[PDB]
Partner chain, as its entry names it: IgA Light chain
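A lone chain, given as structure tokens: the form solved without its partner chain.
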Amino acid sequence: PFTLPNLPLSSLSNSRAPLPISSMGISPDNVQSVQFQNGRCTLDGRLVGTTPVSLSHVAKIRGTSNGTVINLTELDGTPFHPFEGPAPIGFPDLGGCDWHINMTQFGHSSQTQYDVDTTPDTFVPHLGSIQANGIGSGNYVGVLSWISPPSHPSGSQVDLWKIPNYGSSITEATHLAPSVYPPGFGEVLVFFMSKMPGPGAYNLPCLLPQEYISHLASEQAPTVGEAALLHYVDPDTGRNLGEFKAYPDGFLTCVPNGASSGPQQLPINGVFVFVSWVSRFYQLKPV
């Protein structure tokens, strides 16, 4: 039968940054669809977007600075070409913020904070090039460390529901993984949340924990139905804490009991368990 990891959510990682999962949640009123490029894996094991199998590749960059630009490669140094995607595998996908990436080197001492505004014309990872912003010549590996409000537009909020502008303009085609929409029926998308360091109470959402991605990529389920009915289970008591659906494209939903009672009010130490394949129209009991 089809399986999800038999691991409690609070033991798992975000798939958009190497951070422990601290809660589940729903999106703000002003967010309907999302278009995350990391943390995208179908139920039959197809990785989508810039998603890697391993957290060791998540929210990382690799490239060589000439003092003006950083020419990007894949994490292992392999060339990256525009046809391959919006950015190299694992490249950070946090829109709506400035990044602070910790840069280190193979064969040299020290780390350097690389400050990334993802809005200027020089930020073109789809074409393999981003501004150096004072990073001296050399080859670096970088990992996202902390975030802050965007440099532009001035006074913008931190909005992690967004993805960055990977192309030379927002109108350049960059081979983005497609958007994910709430499927209707009163079902809402479920997000796995992590606290992100920086000068505010930042919470990073993703569609699946990273360990779900490696699990599904390994499992390569030969049978995927229209929707998987799941129970969110307390491992000790075995109590079913609520019904959820997982959809083939790689996301979970539930029907909240009301505005103040939904997946965010459930304990975070539960385990999602596959129950059965159901119709896409299967109506869930509110959680």
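Only residues modelled in both forms are compared. Just so we're on the same page, rigid core means the largest C-alpha set that superposes within 1.5 Å between forms. Residue numbers count along the first chain shown, from 1.
Asks: With reference to the PDB entry, specify whether the mean Cα temperature factor is higher for 257-265 or for 239-247.
Replies: Higher mean C-alpha B-factor: 257-265.
Asks: Per the entry, where is the mean C-alpha temperature factor higher: 223-231 or 40-48?
Replies: Taking the mean B-factor of the alpha carbons in each, 223-231 is higher.
Asks: Between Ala17, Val275, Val271, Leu12, which carries the biggest CA temperature factor in the record?
Replies: In this record, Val275 carries the highest C-alpha B-factor of the candidates.
Asks: Between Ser54, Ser218, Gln35, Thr68, where does the Cα B-factor run highest in the record?
Replies: So the option with the highest C-alpha B-factor is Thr68.
Asks: Based on the deposited C-alpha B factors for this chain, I'd like to know if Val180 is in the lowest, middle or highest third.
Replies: Middle third.
Asks: Quick check for you: using the entry's CA B-factors within this chain, is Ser154 in the lowest, middle or highest third?
Replies: Tercile = highest for this residue's CA B-factor.
Asks: Compared with the other modelled residues in the chain, in which third is the CA B-factor of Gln283?
Replies: For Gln283, the deposited C-alpha B-factor lands in the highest third.
Asks: What third of its chain's C-alpha B-factors does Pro125 belong to: lowest, middle or highest?
Replies: For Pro125, whose C-alpha B-factor we compare with every modelled residue in the chain, the answer is the middle third.
Asks: With respect to C-alpha B-factor, does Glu211 fall in the lowest, middle or highest third of the chain as deposited?
Replies: It falls in the bottom third of the chain.
One more form of this protein, deposited with its partner chain bound, exists but is not displayed; see below.
Asks: Within 4.5 Å, heavy atoms only: does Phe185 come near its partner chain in the deposited bound form?
Replies: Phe185 lies outside the contact set for its partner chain.
Asks: Hey, in the deposited bound form, does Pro205 get a heavy atom within 4.5 angstroms of its partner chain?
Replies: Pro205: no, not in contact with its partner chain in the deposited bound form.
Asks: Quick check on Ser169: any heavy atom within 4.5 Å of its partner chain in the deposited bound form?
Replies: Flag for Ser169 set to yes.
Asks: Applying a 4.5 Å heavy atom distance criterion, does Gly138 contact its partner chain in the deposited bound form?
Replies: Although its partner chain is absent here, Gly138 would stay clear of it in the deposited bound form, with no heavy atoms inside 4.5 Å.
Asks: Going by heavy atoms, what in 133-160 lies within 4.5 angstroms of its partner chain in the deposited bound form?
Replies: Heavy-atom contacts to its partner chain in the deposited bound form: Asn133, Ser151, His152, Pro153, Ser154.
Asks: Select from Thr223, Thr68, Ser33, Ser54 the only position whose Cα moves 2 Å or more between this form and the one not shown when the core is aligned.
Replies: Everything else stays below 2 Å; the exception is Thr223.
Asks: Cα of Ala201 displaced 2 Å or more between this form and the one not shown, core superposed?
Replies: The answer is no, as the C-alpha of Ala201 shifts between this form and the one not shown by less than 2 Å after core alignment.
Asks: Superposing on the rigid core, do we see a C-alpha displacement of 2 Å or more at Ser169 between this form and the one not shown?
Replies: After core superposition, the C-alpha of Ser169 moves 2 Å or more between this form and the one not shown.
Asks: Relative to what is shown, are the Cα atoms of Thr223 and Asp249 closer or farther apart in the deposited bound form, where the gap shifts by 3 Å or more?
Replies: The answer is closer, because the C-alphas of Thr223 and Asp249 approach each other in the deposited bound form by 3 Å or more.
Asks: Look at the CA atoms of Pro28 and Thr171: state whether they lie closer or farther apart in the deposited bound form than in this form, given a difference of 3 Å or more.
Replies: Those two alpha carbons end up farther apart in the deposited bound form.
Asks: For residues shared by both forms, which stretches of 3 or more shift their Cα by 2 Å or more between this form and the one not shown, once the core is superposed?
Replies: Shifted segments: 169-171, 222-224.
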